[PDB]
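Single chain ahead, written as structure tokens, the form deposited in one PDB entry.
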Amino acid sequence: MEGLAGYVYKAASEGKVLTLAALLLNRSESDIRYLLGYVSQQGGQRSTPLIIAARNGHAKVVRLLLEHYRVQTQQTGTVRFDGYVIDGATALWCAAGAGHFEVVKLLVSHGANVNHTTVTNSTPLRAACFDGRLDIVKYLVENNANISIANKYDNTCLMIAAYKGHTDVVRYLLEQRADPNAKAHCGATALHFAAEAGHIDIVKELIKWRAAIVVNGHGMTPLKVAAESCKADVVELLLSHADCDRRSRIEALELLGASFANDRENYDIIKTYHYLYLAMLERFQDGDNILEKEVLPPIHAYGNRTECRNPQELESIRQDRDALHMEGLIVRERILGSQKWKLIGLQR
């Protein structure tokens, strides 16, 4: 009966409804309950015939197990998604993460908990916003998915939708009273992830929904992380949308300019100089009260190398591909004072 569990999982995973039905016919429901509750290990995943079938889109197998062998939707396995290992995953969760709307439709109609949480505390709803499948998104919340359950890292459906550019999902969740101002563990809001990824449509949608402007846990506003991530269009939307002060306008322009320069041989030397110079023009608009650039402390000075402190010194290295890379490094340290921890919270 041990290896009989080998053939049940094979037939369910491959979608062979007629094969699976034959292996279960005329067996005790002590053995039937044993076989459909067996957790197999194969492609790095531990799951039941219910889960692997749901994960693979095999609806006729899912319908057979649900309504004919009366399998509990509660059962949880551990699956692989986007390189991540996800413990405590239900068949509902897998189905929503792989875009199997009719697998999701069956499982719900047989009473599956659409708010069941993985060990990552990820929900079927979250798994669906990850992929931006708005049809599954609308259906789950229509069947009472809590749009406010964040993952272990306090990351929200709205956050990951905003990060991956799913405009339609972002707009929908806000219509469903999603909280615009929730803060993840790192402190970012949905506006931070949208800005950092360059999705200007979602930036517009977030501000039109009265999204608050805040700093994350490292002193960064959406304007600043948009500038560090070199999202020039977002930077120039935010440089006028709010009433950011003179100092905020200069630092965004300088962080933006510096961010263009990191791959030393190939960066656009024009756009680097262009945003660096626009900042100094602003720094010098009044010839009497000049916003002088801050000097680095002596114990952190870049040797005999100093930031250009006037328009002419900047024009002096305008064509020097290497000197402008040096400038960017100084500007970023003079302003910005890892990504692994922010990526793990954006996970499905």
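Throughout, we count residues from 1 along the sequence that is shown. Under this definition, the rigid core comprises the largest set of C-alpha atoms superposing within 1.5 Å between the forms.
Unshown form solved in complex with a small molecule; subsequent notes refer to it.
Contact check for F81, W93 and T120: all three have a heavy atom within 4.5 Å of the small molecule in the deposited bound form.
Between the options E251, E236, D131, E205, the residue in contact with the small molecule in the deposited bound form by a heavy atom within 4.5 angstroms is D131. Of the candidates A127, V103, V137, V71, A127 is the one whose heavy atoms come within 4.5 Å of the small molecule in the deposited bound form; the others do not. At the 4.5 Å threshold, heavy atoms of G97 reach the small molecule in the deposited bound form. Core-superposed comparison between this form and the one not shown: the C-alpha position of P311 differs by no less than 2 Å.
In a rigid-core overlay of the protein, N266 has its C-alpha displaced by at least 2 Å between this form and the one not shown. Relative to the superposed core, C244 undergoes a C-alpha shift of no less than 2 Å between this form and the one not shown. Relative to this form, the distance between the C-alpha atoms of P222 and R264 is reduced by at least 3 angstroms in the deposited bound form. Legend note: Cα of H300 to Cα of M220 is at least 3 Å farther in the deposited bound form than in the depicted form.
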